[PDB]
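The residues making up each chain are set out below.
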Amino acid sequence: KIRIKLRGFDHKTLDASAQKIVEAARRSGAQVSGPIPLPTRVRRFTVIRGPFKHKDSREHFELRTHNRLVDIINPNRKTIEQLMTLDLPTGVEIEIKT
Amino acid sequence: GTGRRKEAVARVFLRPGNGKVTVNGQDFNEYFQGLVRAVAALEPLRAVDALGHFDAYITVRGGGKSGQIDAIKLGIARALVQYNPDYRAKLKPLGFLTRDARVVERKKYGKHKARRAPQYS
Amino acid sequence: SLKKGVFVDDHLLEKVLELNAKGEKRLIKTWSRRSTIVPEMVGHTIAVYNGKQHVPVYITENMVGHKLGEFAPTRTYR
Amino acid sequence: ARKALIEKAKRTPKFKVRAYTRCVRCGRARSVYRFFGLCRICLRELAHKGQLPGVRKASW
Amino acid sequence: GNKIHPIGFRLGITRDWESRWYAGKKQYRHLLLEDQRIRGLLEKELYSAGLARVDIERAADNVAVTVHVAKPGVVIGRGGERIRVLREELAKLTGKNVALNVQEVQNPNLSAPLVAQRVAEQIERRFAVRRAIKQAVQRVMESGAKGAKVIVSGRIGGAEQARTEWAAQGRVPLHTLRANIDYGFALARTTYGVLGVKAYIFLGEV
Amino acid sequence: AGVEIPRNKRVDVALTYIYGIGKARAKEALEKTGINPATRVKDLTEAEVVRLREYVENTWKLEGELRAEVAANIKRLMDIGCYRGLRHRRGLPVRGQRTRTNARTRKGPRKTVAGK
Amino acid sequence: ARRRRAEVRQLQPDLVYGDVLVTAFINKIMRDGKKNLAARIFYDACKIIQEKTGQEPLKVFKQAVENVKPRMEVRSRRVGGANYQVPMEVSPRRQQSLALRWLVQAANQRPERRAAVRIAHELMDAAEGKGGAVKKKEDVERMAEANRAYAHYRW
Amino acid sequence: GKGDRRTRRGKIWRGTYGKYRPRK
RNA sequence: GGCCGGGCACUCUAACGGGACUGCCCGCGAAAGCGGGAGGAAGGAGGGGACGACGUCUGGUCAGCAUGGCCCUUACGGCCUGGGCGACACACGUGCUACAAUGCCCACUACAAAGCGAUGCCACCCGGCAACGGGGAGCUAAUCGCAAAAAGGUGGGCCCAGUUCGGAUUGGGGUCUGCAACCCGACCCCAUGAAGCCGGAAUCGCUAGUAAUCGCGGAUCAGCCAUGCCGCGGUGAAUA
Ligand SMILES: [Mg+2]
Ligand SMILES: [Mg+2]
Ligand SMILES: [Mg+2]
Ligand SMILES: [Mg+2]
Ligand SMILES: [Mg+2]
Ligand SMILES: [Mg+2]
Ligand SMILES: [Mg+2]
Ligand SMILES: [Mg+2]
Ligand SMILES: [Mg+2]
Ligand SMILES: [Mg+2]
Ligand SMILES: [Mg+2]
Ligand SMILES: [Mg+2]
Ligand SMILES: [Mg+2]
Ligand SMILES: [Mg+2]
Ligand SMILES: [Mg+2]
Ligand SMILES: [Mg+2]
Ligand SMILES: [Mg+2]
Ligand SMILES: [Mg+2]
Ligand SMILES: [Mg+2]
Ligand SMILES: [Mg+2]
Ligand SMILES: [Mg+2]
Ligand SMILES: [Mg+2]
Ligand SMILES: [Mg+2]
Ligand SMILES: [Mg+2]
Ligand SMILES: [Mg+2]
Ligand SMILES: [Zn+2]
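Residues numbered from 1 in each chain as written, not as in the entry; some residues may be left out. Chains lettered and ligands numbered in written order. Part of a larger assembly, values for the part shown. Heavy atoms only, no water.

Going by the header, the method for this PDB entry is X-ray crystallography, and the resolution given is 3.27 Å.

1. A look at the UniProt feature "binding site: Zn(2+)" in chain D
All names here are of chain D. Within this numbering scheme, the UniProt entry marks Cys23, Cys26, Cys39 and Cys42 as carrying the feature "binding site: Zn(2+)". Across 20 residues, the annotated set stays spatially compact, with a maximum C-alpha separation of 9.0 Å. Within the secondary structure layout, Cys26 lies in the loop between α1 (3-9) and α2 (40-48). Here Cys26 is in contact with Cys39 and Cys42, once residues within four sequence places are set aside. Beyond its immediate chain neighbours, meaning those up to four positions away, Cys39 contacts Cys23, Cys26, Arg28, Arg30, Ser31 and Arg44. (UniProt positions renumbered as here; feature names shortened; annotations may be inferred. Helix = DSSP H or I, 4+ residues; strand = E, 2+ residues; numbered from the N terminus. Contact = heavy atoms within 4.5 Å.)

2. What about the pattern of salt bridges?
All names here are of chain F. Per the stated rule, a full pass over the model turns up 32 salt bridges over all chains. The partner of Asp12 in a salt bridge is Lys27, and the shortest N-O contact between them spans 3.7 Å. Here the residue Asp12 occupies a position in helix α1 (residues 11-14), and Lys27 occupies one in helix α2 (residues 23-33), the gap between them amounting to 15 residues. Note on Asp12: relative accessible area 14%, which makes it buried. Overall, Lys27 belongs to the partly exposed group, its relative accessible area being 36%. (Salt bridge = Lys/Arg side-chain N within 4 Å of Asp/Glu carboxyl O. Buried < 20%, exposed > 50% of the residue type's maximum accessible area, 1.4 Å probe, protein only.)

3. Focus on the interface of chain D and chain E
Frequently, the measure chosen for interface size is the accessible area removed from exposure when the parts meet. Facing the 19 residues of chain D at the interface are 17 residues of chain E. Summing both sides of the interface, chain D and chain E together bury roughly 1700 Å²; the carbon and sulfur share of this comes to 58%. When the buried area of chain D at its contact with chain E is split by residue, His48(D), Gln51(D) and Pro53(D) rank highest and sum to 35% of it. There are 0 salt bridges connecting chain D and chain E. Between the two partners, chain D and chain E, sit 7 residue pairs in polar contact. Of all elements in the fold, only α2 and β1 (56-57) of chain D reach the threshold of two or more residues within the side of chain D that touches chain E. Counting residues per element, the side of chain D that touches chain E draws most heavily on α2(D), which supplies 4 residues. (Buried area = accessible area lost by both parts, 1.4 Å probe. Polar contact = N/O pair within 3.5 Å; in protein donor to acceptor, adjacent residues only side chain to side chain.)

The structure is reproduced here in structure tokens:
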């Protein structure tokens, strides 16, 4: 009902992109267990600085797949109300499972 | 209470009895099963007297192997020494109260191993 | 190597189709030498390109060796 | 051959094997981040350029 | 002889990205091969008004081309007709919801990639290159700035020796991370060959 | 026992001293003879040695016989000669490893010449 | 080591006999870092000690570690000299660090088949005279006094 | 040694499966 | 083997915070700062990263790409098919496996970390000495797969022999990819088991969780000539 996976890259919009959803909790009816941030796993890629005849170090840099998730034991339809509103993600893909 | 070494994480919970010391469903001597280096973690117990007045249910997970054994060093005498103020009188003094950041360092920089640079001639 | 299919070819078996049909002299130029030892050619016609010309030499029953560029060099000596 | 080439990668009325990873922003037939379709040096800019989301100087 | 890019340094810090969204690895490629040919047909067409930014947002089957300029006018036009067909060329390529926006940079003498885009025309215009530099930085440091630096390629004519023209005022640090230093680049195709310009505008230390 | 006397050692490994009997064909053929693979090659009765002495030299081919068969796949190889056929007529790698550096085990040792 | 002196590492005391001079030994026995194998051999060797000589494999470790302690050495540093080898004195420190090291190669230079049956099997020799170790230290020592003339500029 | 193949250590290092390293 | 209706102490997670600053100590003279105490998970940038001044080599790169000039425009452009980049009397730089008994093999047996998965990883049984194959699972993955880490540990066999060392070479089968592995793929089974008992003159690497050593991941990839490469961990020194 209420396992909901807040994906994303942008990280400062997940401590807020969730803290705001867990407040449809304290508004709809659900003693909600806040954002559970299941581990980030990272797809980093290292690549030769120069275009020819470097080779020793390069510069690495990561693509931190961030991740969180949300919970409760209570799912009324006023919940459904809030969730169709207050949507504030710049680019933070979110899915739902029951 | 708890301890860590090479991301060797050792959960140490102490109870009195006598001669009881088991981990991941093995008795500590059949866990290392011959490895006399190992018999040394349970040695702050020896530091000030605590020979057999304190048995051990601990669960270490992850990290090392033989270094996994030092993980139970500050997993024990730091969850253990929780009680007794006059008890730290041998852990700051006798050097036993540290995590030791001695950890494997990042392979880097087109070296072979973060230090061993390639050959040369 | 292969085990499914005679891993042979296709596009010039049709020229061998008449290995038992017309009269069957010689001369027969391939390019895709990937063909395995075509297995019904007696005193016949190697005629295999290699970048250079097409190589001609005998092809007998024991000769059933490997493929075709097997007996078609591409190089230089000493 | 350089350009008449890039449209040998894009056409493939030829077997699965004849196919590869000619880059977009440039054509380098080598060293090609699968998930960006690009190049060690093209990429390395759009990053510094920050026109690629998420990627940034690492450490550990 | 190194100086890695002054932003890549501060790319997740003190300079928010220029392309903000998130995409699933299985498709990210196409959210880029599509994502640039916008930037690769807007700086093209909207060079006239002179754009410093092409921030691109989304989160579904849409678009968010919040093209910055410091002088809209030529972007919207009159009543809205350039901007109107622009938001249709865009959906001629990206069969999506091409949601566009506009900005007017509160100062153009404080956008590097403008300053650069500007001087690099003074170069194409056969002008006092050194003087161009002494003034370009004077432009910037007068309109409120803590430091500013421009550096030209290093030509001017002949068939031979190529140098580099360096001048600046204030301070423009870079082993300082809390920096906030806008940087810009611009080419300039003369009869001679290409030149470059590194733009360095020091707004302030956060 | 083929053509050889191996004495103090393991029947397991002893029988291997034969060209065409490897560590494998000595355990699988030891099943066959059903001997003990751990007992010395001397503790086996004369009336029972002839396990091996009638077994493996009859199960197939080996020394001398099979030794000889390997070279027949090479006189074959100058039928027309393959690329693979040749490279004994020039003593070179026939898998086709790099005949630049190394490839030493097929053509003797460095016959050195002068340079630039 | 130009700036400071570099730290002497204080050894993690012996995991049985408590004694650092007993760790330092098993150290110089460990190929790579299998360590387990290193202290087996050693303790194995104390068992071999008991077999042959009913002394405490600890004083057998001492009248041995000081038998093969070279009194002094030839520091041939190159100031002026084409091979000037002014001899001198050996530190308490170096005395031990050499002596340990010597005993292990001197052990490995012997024809006995089980590294344990070796490393005490002459740790016994070194103990009242004798032993590839004290020899490879006798030489050493006689290199000085022979080169005594260059005492004049000792240091 | 890490090059015989026909061994524990052989296939381990090369990281191939075979008669001598079937799996576990 | 939480296999559990229940639970958030712990573990790890993964976010925002505290914490070291040279700190009260007669041995620095006005100084700065260097000592040797206390507490501290922690001291004198704490390990280490990313970061690399004006400039220098008219260094590298017109073959990533940009770009003035120059030159070719039924050809210096274009396509295809085969060849080549893989040639070998030889010389070098970097490496991999070793010459072994601190060792090598067949058992069973533990103990990680980072990462990767919709022409995937393929759990699990069938088949097969096996590679692998027929099947068919849970799989958008902290919740299933890669995966089993190996040294380690026990316990058994080899007994200084070019050998149960060493894995080269050649013969033979035989798999997966792939239109196709002749040139030129990796793997597997059988059999061949070469040089090599520690390397001339010389010459490299390292400050400690380093050197040494053990596997594992990943990129790119149909597959692969990876021993390479960036990562990550296991054990873990010597010396100043
Ligand atoms: Mg951690
Ligand atoms: Mg350790
Ligand atoms: Mg390591
Ligand atoms: Mg390809
Ligand atoms: Mg001239
Ligand atoms: Mg320059
Ligand atoms: Mg002109
Ligand atoms: Mg081969
Ligand atoms: Mg070749
Ligand atoms: Mg090869
Ligand atoms: Mg010392
Ligand atoms: Mg072997
Ligand atoms: Mg004072
Ligand atoms: Mg002060
Ligand atoms: Mg620091
Ligand atoms: Mg090449
Ligand atoms: Mg190599
Ligand atoms: Mg090596
Ligand atoms: Mg485990
Ligand atoms: Mg199926
Ligand atoms: Mg082979
Ligand atoms: Mg196929
Ligand atoms: Mg250093
Ligand atoms: Mg690997
Ligand atoms: Mg892979
Ligand atoms: Zn590119």
